[PDB]
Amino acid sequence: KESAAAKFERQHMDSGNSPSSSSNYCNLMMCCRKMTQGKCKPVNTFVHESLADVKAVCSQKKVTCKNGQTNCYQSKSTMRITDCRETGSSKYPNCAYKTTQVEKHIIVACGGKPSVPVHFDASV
């Protein structure tokens, strides 16, 4: 069971950062979205366009998936995204990331009926 001291540190301590630390976006988001459990997911992209716009990519340009699957689609326009990449100094369970703001076309794999994004393949 989590100690009261550890609980206080979790709920109330942020010694290493401040709200103005914009570079801290990936650290917090990778944590929030449960991609730092068991191991640090080394690379992950968040998309800041609407869900509707990202869903619409499944009806846009058909392209080769990096893994050779044939259900990938490239966005018709660039999108505002953030790449989160684990730093060389990063070490589990303290997963540290570099935050890179980018505007590139995205490639997603689509699946299901209706066909919706299921995997982020790449930016180009």
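Counting begins at 1, following the sequence as shown. Whichever C-alpha set is largest while still superposing within 1.5 Å between the two forms counts as the rigid core.
**Q** Compare 5-13 with 105-113 and report which one shows the larger root mean square C-alpha deviation from this form in 6 other deposited structures of this protein once the rigid core is superposed.
**A** Farther on average in 6 other deposited structures of this protein: 5-13.
**Q** Regarding 86-94 and 38-46, which shows the higher C-alpha temperature factor on average in the entry?
**A** Result: 86-94.
**Q** Mean Cα B factor from the PDB record: higher for 62-70, or higher for 23-31?
**A** The entry gives the higher C-alpha B-factor average to 62-70.
**Q** Would you please rank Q11 by its C-alpha temperature factor against the other modelled residues of its chain and give the third it falls in: lowest, middle or highest?
**A** For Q11, the deposited C-alpha B-factor lands in the lowest third.
**Q** Ranked by Cα temperature factor within the chain, is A4 in the lowest third, the middle third or the highest third?
**A** Lowest third of the chain for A4's C-alpha B-factor.
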